[PDB]
Amino acid sequence: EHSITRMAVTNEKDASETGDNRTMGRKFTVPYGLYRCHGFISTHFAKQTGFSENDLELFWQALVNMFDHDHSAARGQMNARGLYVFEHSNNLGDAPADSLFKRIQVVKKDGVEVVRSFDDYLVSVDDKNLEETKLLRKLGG
Amino acid sequence: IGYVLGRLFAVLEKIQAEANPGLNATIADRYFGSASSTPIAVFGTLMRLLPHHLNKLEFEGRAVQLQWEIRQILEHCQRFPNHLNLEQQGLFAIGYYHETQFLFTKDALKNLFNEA
Amino acid sequence: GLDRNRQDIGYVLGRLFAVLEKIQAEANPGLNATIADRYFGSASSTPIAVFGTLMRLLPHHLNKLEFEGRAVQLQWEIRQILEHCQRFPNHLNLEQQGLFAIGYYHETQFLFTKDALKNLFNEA
DNA sequence: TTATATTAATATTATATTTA
DNA sequence: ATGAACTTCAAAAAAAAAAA
DNA sequence: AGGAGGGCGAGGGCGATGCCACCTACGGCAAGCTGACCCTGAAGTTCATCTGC
RNA sequence: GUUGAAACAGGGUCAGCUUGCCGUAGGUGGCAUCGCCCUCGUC
């Protein structure tokens, strides 16, 4: 929650007065946050929308690379730190989704009290039992 | 750890406004945005302004009273937190207003000091 | 509200400065510029700067203390504090920055709580 | 808008290593 | 013939401190 | 040769370790947009459809 | 086994876009460590 300053008022303010024109404002930043999105690419709705395997590799590329390209003063630096996809053999689910998401457990590093980077997190995947018929394809991690 | 630092900010700004009656940049207007949300960034430096404000209090006994209550406030504080959760920046604001209307109570600080 | 065994160098230095000013303000209570008023700004941030000079300056306050046993009272807790201070840190960490003010006011409370120092000394 | 005068303050410890 | 589809119906509705 | 190699007691006394003020000034903490689309109705009839004739 | 059943909040939508905390300000001015004290008394 950084209080930035602007050295130019925007409008003819109630206070755009004599000396300086200033519109301080706020530039909130996360000093670091390892956000864990869970995602579900369901075959059943891939049937009604025609979501192709091509349209899916485009989405994989998008997730891996979409912060390298969507930058701003507001968000500064965001990175895709890992995309662990669980491709199930059936258009049903081989396993419950959350059984596969707890499978990718991300914990702050051993003794970091506050996290500053991905280096202060540990993303341990569990590819030991999903071989039931499933595929964990690790795209970013 | 947010409410007691709100109280701490209230006493700190009261001491400043008691030291300098007419201030253009009270430690509210200057340090609040980061004392509310980021107490180590500020309260480590508000409280270097503090001995000078207490020195400048024309009634040195009033300085003693205000320093006593900031001791009491800060006795509930074991460490200024690095960052105040959204839960506590509300406390800080509530703590600030609570303590600042305690200070601007009739005889509240004089009394509370005198029962110690 | 005083962790006498905190070991947080900022907190122990705050405690140390609190007792240092307690001695100065008991050495001559009528004092224009206590070490809070003249040294605290860096004692909280640059403990090596002052805290050396604060203890050039300390034995003389202990002398100026009217009650010669009160000098032992306060010097004893200076030592109690300084067991926790293996070194005056060059620059107080920011956590320690704030914990110095914490220590100043925690130990100042401990000194201005009536029997605390005279009691706690007698358990040593 | 208000409010705006001083807390606490009396001693720790204290009896000999080394000597072809 | 029953039940969805459709066609009419009708035409918004609006605030908010003193202090004697 | 056999010497004796100090014995004694003092090693601070006194007071002062601050005085003075200052610890801020100034102003800005927003601008601008949006705050939702869409539907879903009663009530009635039609109209397509079904059953029975 | 004759008595309110059936019933979605849905489908989905970056809060963005960005903005110096600043310009700057002596810690000063100054203050005696002092006043003084047989190493003695003697073998």
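Worth a mention:
- Restricting segment B:76-90 to residues that are surrounded by 22 or more Cβ atoms within 10 Å (Cβ to Cβ) and not in a helix (DSSP H, G or I), the residue that is nearest to the other protein chains (Cβ to nearest Cβ) is B:80.
- Test: residue in segment A:95-112 that is under 23 Å from the mean Cα position of the chain (by Cα) and within 14 Å of chain B (Cβ to nearest Cβ): yes
- Search result, residues across segment A:20-47 that are more than 15 Å from the chain's Cα centre (by Cα) and β-branched (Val, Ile, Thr): A:23, A:29, A:41, A:43
- The residue that is nearest to DNA strand D (Cβ to nearest atom), counting only those in segment B:12-33 that are charged (D, E, K, R) and under 12 Å from the mean Cα position of the chain (by Cα), is B:18.
- One residue from A:84, A:32 being touching a residue at least 60 places away in the same chain (Cβ under 8 Å) and within 26 Å of residue A:126 (Cα to Cα): A:32
- The residues on offer are C:62, C:74, and the sole one that is near DNA strand D (Cβ under 10 Å from one of its atoms), part of a helix (DSSP H, G or I), over 12 Å from the mean Cα position of the chain (by Cα) and away from chain B (no Cβ under 14 Å) is C:62.
- Inside segment B:27-55, residues that are within 20 Å of residue C:21 (Cα to Cα) and more than 9 Å from every other protein chain (Cβ to nearest Cβ) make up a count of 1.
- Put simply, of A:83, A:92 the only residue that is exposed (fewer than 10 other Cβ atoms within 10 Å of the Cβ) and aliphatic (A, V, I, L, M) is A:92.
- Flag if residue B:73 is facing chain C (nearest Cβ under 9 Å), in contact (Cβ under 8 Å) with a residue 40 or more places away in the chain and either assigned to a helix (DSSP H, G or I) or small (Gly, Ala, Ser) (or both): yes
- Selection within segment C:26-36 - surrounded by 18 or more Cβ atoms within 10 Å (Cβ to Cβ) and over 11 Å from the mean Cα position of the chain (by Cα): C:26, C:27, C:34
- Tally of residues being buried (at least 19 other Cβ atoms within 10 Å of the Cβ) and either of a type in the set (S, T, N, Q) or assigned to a loop (DSSP other than H, G, I, E, B) (or both) across segment B:39-56: 1
- Scanning segment C:21-42 for residues that are closer than 23 Å to residue C:85 by Cα, more than 9 Å from chain B (Cβ to nearest Cβ) and more than 10 Å from DNA strand F (Cβ to nearest atom) yields a single hit, C:22.
As a convention, Cβ positions derive from the backbone with ideal geometry for all residues, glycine included, and neighbour counts pool all protein chains shown. Quick note: the coordinates plus some simple rules give every number you see, no bench work behind them.
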